[PDB]
There are 4 protein chains.
Amino acid sequence: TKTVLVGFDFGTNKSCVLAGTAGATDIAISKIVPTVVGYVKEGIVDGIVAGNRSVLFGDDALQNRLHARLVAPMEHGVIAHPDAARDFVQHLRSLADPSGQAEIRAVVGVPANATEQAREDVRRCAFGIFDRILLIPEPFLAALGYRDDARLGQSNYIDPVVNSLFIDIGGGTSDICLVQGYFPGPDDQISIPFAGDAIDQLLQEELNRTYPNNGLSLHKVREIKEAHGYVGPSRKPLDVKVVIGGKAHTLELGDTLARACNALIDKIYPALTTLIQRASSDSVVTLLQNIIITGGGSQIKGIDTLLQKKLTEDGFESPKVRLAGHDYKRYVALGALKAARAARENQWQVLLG
Amino acid sequence: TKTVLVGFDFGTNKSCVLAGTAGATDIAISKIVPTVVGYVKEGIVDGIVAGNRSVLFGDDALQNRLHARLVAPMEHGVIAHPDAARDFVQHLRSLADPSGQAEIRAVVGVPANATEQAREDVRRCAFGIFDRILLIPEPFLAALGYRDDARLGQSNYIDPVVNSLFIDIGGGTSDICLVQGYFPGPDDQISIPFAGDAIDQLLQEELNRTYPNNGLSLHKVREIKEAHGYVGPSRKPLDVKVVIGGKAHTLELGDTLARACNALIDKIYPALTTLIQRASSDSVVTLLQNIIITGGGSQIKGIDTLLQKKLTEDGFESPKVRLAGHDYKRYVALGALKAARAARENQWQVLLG
Amino acid sequence: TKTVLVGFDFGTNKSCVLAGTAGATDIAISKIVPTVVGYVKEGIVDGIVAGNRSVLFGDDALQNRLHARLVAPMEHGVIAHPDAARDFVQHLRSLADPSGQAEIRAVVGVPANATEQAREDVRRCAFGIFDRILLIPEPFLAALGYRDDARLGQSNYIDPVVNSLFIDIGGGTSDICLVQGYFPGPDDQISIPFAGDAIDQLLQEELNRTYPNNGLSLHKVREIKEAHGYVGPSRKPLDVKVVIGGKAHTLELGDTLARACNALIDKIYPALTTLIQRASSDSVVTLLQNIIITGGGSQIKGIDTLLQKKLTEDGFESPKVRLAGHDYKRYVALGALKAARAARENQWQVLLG
Amino acid sequence: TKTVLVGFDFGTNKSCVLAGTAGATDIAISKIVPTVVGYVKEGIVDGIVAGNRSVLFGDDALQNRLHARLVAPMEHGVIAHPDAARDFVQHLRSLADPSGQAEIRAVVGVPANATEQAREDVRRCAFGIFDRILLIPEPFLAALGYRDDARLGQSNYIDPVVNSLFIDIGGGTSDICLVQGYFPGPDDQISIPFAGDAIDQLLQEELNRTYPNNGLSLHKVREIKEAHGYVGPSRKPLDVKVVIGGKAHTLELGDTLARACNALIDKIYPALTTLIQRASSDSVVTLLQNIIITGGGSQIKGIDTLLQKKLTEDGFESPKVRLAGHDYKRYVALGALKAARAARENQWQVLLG
Ligand SMILES: Nc1ncnc2c1ncn2[C@@H]1O[C@H](COP(=O)(O)OP(=O)(O)OP(=O)(O)O)[C@@H](O)[C@H]1O
Ligand SMILES: Nc1ncnc2c1ncn2[C@@H]1O[C@H](COP(=O)(O)OP(=O)(O)OP(=O)(O)O)[C@@H](O)[C@H]1O
Ligand SMILES: Nc1ncnc2c1ncn2[C@@H]1O[C@H](COP(=O)(O)OP(=O)(O)OP(=O)(O)O)[C@@H](O)[C@H]1O
Ligand SMILES: Nc1ncnc2c1ncn2[C@@H]1O[C@H](COP(=O)(O)OP(=O)(O)OP(=O)(O)O)[C@@H](O)[C@H]1O
Ligand SMILES: [Ca+2]
Ligand SMILES: [Ca+2]
Ligand SMILES: [Ca+2]
Ligand SMILES: [Ca+2]
């Protein structure tokens, strides 16, 4: 049979699976599936769900979220629902391996400091799916996939892995990591369970507190944040057109979005400065010049400017906070695929049980 | 009152206690008790442990390791847990003295270059237990106990004490010693804290790295090494039948045991050659012909052949590495008993305070 | 006053009270009273209930269930109706102490992982009834009462407490517990609120869904399950003679009972294997040989064979699932009485308030 | 500007701040604030807390512990909550400096062998508060503050610093120190994280084990120990009047307080005798005559007599265990102020960040 190395980014909001053979460098499969499993509701009529499938994954479960009970397999970057997570990894295996006969060797991205229970949860929802697994911190894989191997060696290209600080603000955890060329130790990374889902929850609370029984689902309170959420000083007026009870209302969520998204900064800044002061004095001056924000939370309006302003005001020697880029979804999966093709035979973990 | 001279081999894995009267040469008591103390767990049901004992020693603590919290009194050939060590020495005193009224004079075996703190640790967990103590290095006691006094003087018997090199590869330390007829000086012996427990730890790491959350206890990772561990070139395939999570699996640990046990050789060979080149040039040609491996580590499959091969390949004049024999457990205790019966009245150390 | 140690198995379906003096080993009082309180209905004619009692307990409330409103004090192994539970414990106190003057010291059996609120519920409906209380998990007490103290020490008697796995499938909870010689920790036991009452509810739903308005009470849907309920493959045809609307009908409930009782296996097997894989690898090979099912749910037709089959096909090393025996009702009460006579003076909890 | 030298005793139960100018010997500010920070709860009605303060410190937080969430900044003599500790040191700075404009130079008392992390926790919660810091072990500062400089030189006054052994039994740690005239080395002191809060925890466990759901807060289980706690043989009957569930009960806590308080002796005695045997033989005969107990734990009923009895029974040459005195709270702050006024310009540590 053939072996398929799979860079797997098991996220709280969206997972991304990449599949390629050994020796080569191209990417056979590259899918970005929202981490959600929809169990088609009991009593569903035939023809409502295309193919009468009883379990939907990703967008197929988000479009049919009216007919399906949605369950997010992952919460705070760790597996919260083992059965849904197993179903979802089983779906993504068929995605990364359409034939279903190849031996999958997956490097799955775990949070920065994932507890051994949170790692056995991933090694248990991957048994019988992935033949060999390898659990690497998510921000290190983000640094490894953001790195342009085609542009290495050049002088006009600064390596994001040689000396940088990666602030992978996902949708479950916000992992900061001191990526200093090698596999980061337990002290080179800090994971805060406050990210996109926490800002969604804060907006849900500040909406059910001022506009009670609004009925706005978390999937819409998330779109409000993705479209209008911002960090920094309040922006008023900021009219958000919502649908509350069938009727179209226009809420004023300037202060609401400001307080919801600035809590993320207030959470990740004490851990940003902690790792900045944990770095070696010889290398921190360039570490400040190479601070990179990845993950979905990098798309928050004005987060790099606010973080660089807060690091400059605190006296850090000329920080330069940078955004990862447009491909913030595949960075952890690209890094996990690069770490799969570079993993030694003795590095892969055997999944028995 | 009567005096009982006790040859005590306080080991990291097994301690062997011998007891005999003065003047005679027979051996009254001879016990080999695994150095372990199991404190019966809180809430134990009556009748689970025979006699409702709350502290179990040796095999009684290994058979009842499910109901008892086991603590190893000794780590790296030095007392690591003083309370468990004192409990264990108190048990072995009752073993060497069932009446409990005789004055015990014990020669305890310490590592090759045991620090004065590591020796006061043994003289402190023996106060009130042994009336007089005498601390002699463990490999010299192994040389003394391996020596056959019934076969001395004969021409067809080579004395292991007259001029030999003893590599007592224990379970905590691997002490190499130039046994040249007399009490070895501090430069005639080298102690490396790498032995059976270090190979057990290396196997535990190599198993939790490839077969994560295997749950194999150290007492089973140790039996794997005793049954299949080997030094030399890798032997594949070498199937080890284990029980991981209730289910019976068959792991492939050829390279694993190879890398685990060859680290012991890589550790003890720089100290083997150091003392071979420290010996007098007049006597080193005979030293190489009398290289003897004792301790549990002598039972590793193919360790004398590997060490003789490494010593011949390095150009040493015809080395002949030999195993101690089947009685590798009592050799330090036999030597300590022979050193107790030959100790002058001024050699015994008084334990006060 | 005299002290009476009372082993109390407060069950969801039946509670077993045992009473004995201190120091002795005989059992003075031993009653099995169905956990139910029948409050005699308003307007009851004199002479309908023997003695004109207004509150009936156990069988006296089951025979007079036409004249009394029955309330089950316990649901899911925890006290659900505090007033009925206090009345019922007050009745069982008079059962264990007919004189009503002795100081009762009761060891009540709680579920495996009973929350502190579920324990204060039992310590609150026992205040003024039991002078000292002691709450121990129900499966551990089943292990302690199944143990035959007359045959301890013998070689031909395997101890159910030294190392075993007890599946106390009651009528409210199904508690699995790693009984390994000592008081089980919070991780050695899992309690699932799915047992006899859950299968009763599943049968009630599957009967009100196919045979609507059948009028079969839960007390008859329960007898259907006790008489014909089975786990494993469906058995058709399986005719159950019932009385629906006064008329005698003969339903076909092969698939119905199959699906109702196999849900219990589907619920308790993920928690069975969880503790099988939680046990130490040194003792799991014996744990699988000593898997014991107690409680009412042990009487389900073919549950030990089915669970042994499911554990064998999953690769567990030669499991051997055994049934507790005929005396499955007194095992928790016998164990609580053995734990009362062996409880230290500082183990008894004082009930004030 | 003016400089204010501040002897700061940052305790687990009570922190004492002393402030004085340079050159003089009088004490400008002397406050004893219980180390607690009460964050006023959300939704507090105006007028409940005097001044509508949102953060209360010391007694102001203990009197309003019903309206405020109390957090102890310090646990085991080290800073456990950095934010509450920073607020608390900020309050104590305003206490030692009402004007808030003077340059504060604080000598803060750390435990005996405070780890460098536990010292950077104090230098980090003091940055921007104290301009210069100096961390000295707490028992040495207690020895320095117990010293009567007004009585030095006299013949009828034995100096507590020239040669003594201080058992500062605080509320977080119980530090024993060989105070032999100079700054004690790392081997002249032992810190045990078992003191007042550990006895409070032991009493809480022994009360929730015998009188379950008693609801007695730690602040009341602490007053029980302060009013009735004793070391030595059990004192029965010892009736303690408590309030359990609104109702006034009278518990018997003779054995309870005995076992709770004698654990402190059993913990601090192996470290007491360790330093007694670490002292020079020339000075140990005087050291035993000058054994002094300070800190809150010195107020335990019969602790000096019990420790002197235990030291005499062990054969130590005529020990004389003495209590510090009534002013056991300001001794560490008095010594820290005496060491601030005697600290050289190069001894002060600059706090930058
Ligand atoms: N433009 C935006 N503004 C604000 N938030 C956004 C934006 N785009 C995405 N997000 C948030 O980012 C989250 C997704 O994060 P991302 O996809 O970067 O990493 P992730 O895979 O979710 O991280 P993890 O692996 O920790 O789950 C979503 O929950 C979403 O709420
Ligand atoms: N056949 C074998 N193969 C490999 N290792 C073995 C074998 N037999 C014993 N050992 C190892 O030897 C170790 C101890 O045996 P031995 O009695 O020779 O040393 P020891 O006296 O316990 O050690 P020390 O003197 O350092 O305390 C054990 O930990 C065990 O792992
Ligand atoms: N032969 C049988 N077949 C199927 N179910 C049975 C049988 N006998 C009893 N049961 C069920 O077992 C339940 C009683 O369980 P048991 O008496 O073993 O413990 P319990 O007191 O219910 O414990 P708990 O209160 O923790 O549930 C009853 O509800 C009944 O439905
Ligand atoms: N009379 C008493 N009996 C018993 N314990 C007491 C008594 N008085 C005070 N305590 C205990 O002493 C503790 C306070 O110790 P003290 O004030 O002597 O030093 P501390 O500053 O708290 O110690 P640290 O500096 O280690 O925090 C309190 O927790 C209290 O429980
Ligand atoms: Ca991510
Ligand atoms: Ca040895
Ligand atoms: Ca039961
Ligand atoms: Ca103090």
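Undergrad: Can you walk me through the overall build of chain A in this structure?
TA: Secondary structure assignment for chain A yields 10 helices and 18 strands. In terms of overall dimensions, chain A is globule-like: its C-alpha atoms have a radius of gyration of 21 Å, near the 20 Å expected for 353 residues. For the C-alpha atoms alone, the extent of chain A along its principal axes is close to 60 × 60 × 35 Å. For chain A, buried positions account for 54% of its 353 residues. Put simply, of all contacts in chain A between residues at least 6 apart along the chain, 66% involve residues at least 24 apart. On chain A, roughly 15300 Å² of surface is accessible, and the fraction owed to carbon and sulfur atoms is 50%.

Undergrad: I would appreciate a short explanation of the sheet that holds strand β12 (residues 174-179) of chain D in the present structure.
TA: Two orientations exist for strands paired in a sheet by backbone hydrogen bonds: parallel and antiparallel. Residues and elements named next belong to chain D. Ordered in space as β13-β12-β11-β16-β17, the five strands form an open sheet in which the pairing is mixed. Every interior strand has two partners, whereas the edge strands, β13 (189-192) and β17 (321-323), have only one. Between one strand axis and the next, the sheet turns through 20° on average, direction left out of account. Here strand β11 (residues 164-169) pairs with strand β16 (residues 291-294) via four bridges, running parallel. Looking at the pairing, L165 lines up with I291 of β16. Strands β11, β12, β16 and β17 of the sheet are contacted by helix α4 (residues 138-146), whose axis makes an angle of about 60° with β12.

Undergrad: Mind showing me how you'd approach the packing of helix α7 (residues 254-278) of chain A against helix α9 (residues 303-313) of chain A here?
TA: Residue and element names in this part refer to chain A. Their axes nearest at 11 Å, the elements α7 and α9 cross at an angle of 50°. Here α7 lies oblique to α9, going by the angle between them. By crossing handedness, the relation of α7 to α9 is classed as right-handed. For the pair α7 and α9, contact is made by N262, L264, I265, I268, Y269, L272, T273 and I276 and by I303, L306, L307, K310 and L311, respectively.

Undergrad: Can you walk me through the site of ligand 3 in this structure?
TA: Residues and elements named next belong to chain C. Taken together, 19 residues surround ligand 3, and among them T12, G171, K225, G295 and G296 come closest. At 2.3 Å, a backbone N or O of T12 approaches an oxygen atom of ligand 3. Separating an oxygen atom of ligand 3 from a backbone N or O atom of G171 is a distance of 2.4 Å. Top element by residues in the shell around ligand 3 is helix α6 (residues 218-228). It accounts for three residues. Of the residues assigned to the shell around ligand 3, the class counts are three nonpolar, 11 polar and five charged.

Undergrad: Please explain the UniProt feature "binding site: ATP" (unreviewed entry) in chain A as it appears in this structure.
TA: All names here are of chain A. Residues given the UniProt feature "binding site: ATP" (unreviewed entry) here are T12, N13, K14, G171, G172, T173, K225 and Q299. Examined against the element boundaries, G171 turns out to sit in the loop between β11 (164-169) and β12 (174-179). Relative to the assigned elements, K225 resides in helix α6 (residues 218-228). For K225, a relative accessible area of 12% puts it in the buried group.

Undergrad: What is the right way to look at the interface of chain C and chain B in this model?
TA: When the parts of a complex come together, some accessible area is lost, and that lost area is often used as the size of the interface. On the chain B side, the residues contacting the 27 residues of chain C number 22 residues. Of the roughly 1700 Å² buried between chain C and chain B, counting both surfaces, carbon and sulfur atoms make up 55%. Of all residues in chain C, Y182, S281 and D282 of chain C bury the most surface against chain B, accounting for 32% of the area lost on that side. With its nearest N and O atoms 2.6 Å apart, the salt bridge here joins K241 of chain B to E317 of chain C. For the interface between chain C and chain B, the tally reads nine residue pairs in polar contact. Listed by contribution, the elements that provide at least two residues to the side of chain C that touches chain B are α4 (138-146), α7 (254-278) and α8 (284-289) of chain C. Partitioning the side of chain C that touches chain B into residue classes produces 13 nonpolar, eight polar and six charged.

Undergrad: Looking at this structure, I do not really get the sheet that holds strand β18 (residues 349-350) of chain D. What am I missing?
TA: Residues and elements named next belong to chain D. Read across the sheet, six strands follow the order β3-β2-β1-β9-β10-β18 without closing on themselves; strand pairing throughout is mixed. Where the open sheet ends on each side, the last strands, each with one partner, are β3 (29-34) and β18. Contacts from helix α10 (residues 331-341) reach β1 (3-9), β2 (14-20), β9 (103-110) and β10 (132-137), with the element oriented near 145° to β1.

Undergrad: Would you explain the pairing of strand β16 (residues 291-294) of chain C in this entry?
TA: Side-chain positions along a regular strand alternate between the two faces of the sheet. Along β16 of chain C, one buried face is formed by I291 and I293 of chain C and the opposite face, lined by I292 and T294 of chain C, is buried too. For the segment spanning β16 of chain C, helix α9 (residues 303-313) of chain C and strand β17 (residues 321-323) of chain C, crossover handedness is right-handed.

Undergrad: How should the pairing of strand β15 (residues 247-252) of chain A be read in this particular structure?
TA: All names here are of chain A. Both strand β14 (residues 239-244) and β15 contribute to a ladder of six bridges, which runs antiparallel. Bridging across to β15, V243 finds its partner in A248. Taken together, β14 and the strand that follows it, β15, pair antiparallel across an intervening segment of two residues, in which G245 is found at a positive phi of about 75°.

Undergrad: How should the packing of helix α5 (residues 196-210) of chain A against α6 of chain A be read in this particular structure?
TA: A packed helix pair is summarised by two numbers, namely the angle formed by the two axes and the spacing between the axes. Residue and element names in this part refer to chain A. With their axes 9 Å apart at the nearest point, α5 and α6 run at an angle of 105° to one another. By the angle between their directions, the pair α5 and α6 is classed as roughly perpendicular. Residue-level contacts link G196, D197, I199, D200, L203, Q204 and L207 of α5 to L218, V221, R222 and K225 of α6. Of the residues belonging to the contact of α5 with α6, the class tally is five nonpolar, two polar and four charged.

Undergrad: Hey, could you run me through helix α10 (residues 331-341) of chain A in this one?
TA: When you tally the buried positions in α10 of chain A, you get nine out of 11 residues, the bulk of the element. What α10 of chain A keeps buried is the set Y331, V332, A333, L334, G335, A336, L337, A339 and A340 of chain A.

Undergrad: Explanation requested: the interface of chain C and chain D in the structure shown.
TA: Each side of the interface is counted separately: chain C has eight residues, and chain D has 10 residues. Regarding the contact of chain C and chain D, the summed buried area is about 780 Å², with carbon and sulfur atoms giving 61% of it. Applying the counting criterion to the chain C and chain D interface returns zero salt bridges. Where chain C packs against chain D, one counts two residue pairs in polar contact. Secondary-structure elements contributing two or more residues to the side of chain C that touches chain D are α3 (116-124) and β18 (349-350) of chain C. Tallied by class, the residues present in the side of chain C that touches chain D amount to three nonpolar, three polar and two charged.

Undergrad: How do you make sense of the side chain of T173 of chain B when you look at a structure like this?
TA: All names here are of chain B. Residue position: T173 is located in the loop between β11 (164-169) and β12 (174-179). Residue class for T173 comes out buried when judged on its relative accessible area of 5%. In terms of polar contacts, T173 uses its side chain to reach the side chain of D175, at 3.0 Å. Not counting residues up to four positions away in its chain, the partners in contact with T173 are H76, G77, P111, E138, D168, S191, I192, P193, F194 and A195.

Undergrad: How should I be thinking about the arrangement of the chains in this particular structure?
TA: Of all four pairs of chains sharing an interface, the pair with the highest contact count is chains B and C. As for chain C relative to chain A, no contact occurs, and the smallest C-alpha gap between them is 8 Å. Regarding chain A and chain D, the two do not touch, and the least distance separating their C-alpha atoms is 8 Å.

Undergrad: Any chance you could explain the UniProt feature "binding site: Ca(2+)" (unreviewed entry) in chain A here in plain terms?
TA: Residues and elements named next belong to chain A. The UniProt entry lists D9, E138 and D168 under the feature "binding site: Ca(2+)" (unreviewed entry), expressed in the numbering used here. Despite a sequence span of 160 residues, these residues sit close together in the fold, their greatest C-alpha distance being 12.4 Å. By secondary structure assignment, the location of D9 is in strand β1 (residues 3-9). In this structure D9 comes out as buried when scored by relative accessible area, which is 3%. A polar contact of 2.7 Å, which involves the side chain of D9, links it to the side chain of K14. You can see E138 is positioned in helix α4 (residues 138-146). The contacts of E138, once residues within four sequence positions are left out, are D9, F10, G11, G109, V110, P111, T173, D175 and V332.

Undergrad: Even after reading the chapter, I still don't get the pattern of salt bridges, so can you show me in this structure?
TA: Charged atoms that come close allow side chains of opposite charge to pair. In this structure the tally under the stated criterion is 65 salt bridges over all chains. One salt bridge in this structure joins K338 of chain B and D149 of chain B, with 2.6 Å as the shortest N-O distance. Taken together, the positions of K338 of chain B in helix α10 (residues 331-341) and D149 of chain B in the loop between α4 (138-146) and β11 put the pair 189 residues apart, joining distant regions of the chain. By relative accessible area, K338 of chain B is classed as partly exposed at 27%. For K236 of chain C, the salt bridge goes to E252 of chain C, with nearest N and O atoms at 3.8 Å. Taken together, the residues span a long stretch of sequence, with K236 of chain C in the loop between α6 and β14 (239-244) and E252 of chain C in strand β15 (residues 247-252) at a distance of 16 residues. Since its relative accessible area comes to 56%, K236 of chain C is described here as exposed. By relative accessible area, which is 25% here, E252 of chain C ends up partly exposed. Salt bridges sharing partners connect three or more residues here, namely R147, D149, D159 and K338 of chain A.

Undergrad: Could you clarify how one ought to interpret the environment of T273 of chain A in this entry?
TA: Residue and element names in this part refer to chain A. Tracing the sequence through the fold places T273 in helix α7. When its relative accessible area of 13% is taken as the criterion, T273 is described as buried. As for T273 and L311, which are separated by 38 residues in sequence, their C-alpha atoms are 8.0 Å apart. In contact with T273, other than residues within four places in its own chain, are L311 and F316.

The rules behind the values
Residues numbered from 1 in each chain as written, not as in the entry; some residues may be left out. Chains lettered and ligands numbered in written order. Part of a larger assembly, values for the part shown. Heavy atoms only, no water. Helix = DSSP H or I, 4+ residues; strand = E, 2+ residues; numbered from the N terminus. Rg over C-alpha atoms; globule rule 2.2 N^0.38 Å. Buried < 20%, exposed > 50% of the residue type's maximum accessible area, 1.4 Å probe, protein only. Contact = heavy atoms within 4.5 Å. Areas by Shrake-Rupley, 256 points an atom, 1.4 Å probe, with all protein chains shown as cover. Pairing = 2+ DSSP bridges. Axes fitted to C-alpha atoms, helices over the stretch in contact; angles between N-to-C directions. Parallel < 35°, antiparallel > 145°, perpendicular 65-115°, else oblique. Left-handed = near helix turned anticlockwise from the far one by under 90°. Near = heavy atom within 4 Å. Polar contact = N/O pair within 3.5 Å; in protein donor to acceptor, adjacent residues only side chain to side chain. Nonpolar A, V, L, I, M, F, W, Y, C, P; charged D, E, K, R; others polar. UniProt positions renumbered as here; feature names shortened; annotations may be inferred. Buried area = accessible area lost by both parts, 1.4 Å probe. Salt bridge = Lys/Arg side-chain N within 4 Å of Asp/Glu carboxyl O. Right-handed = clockwise from strand over helix to strand, strands pointing away.

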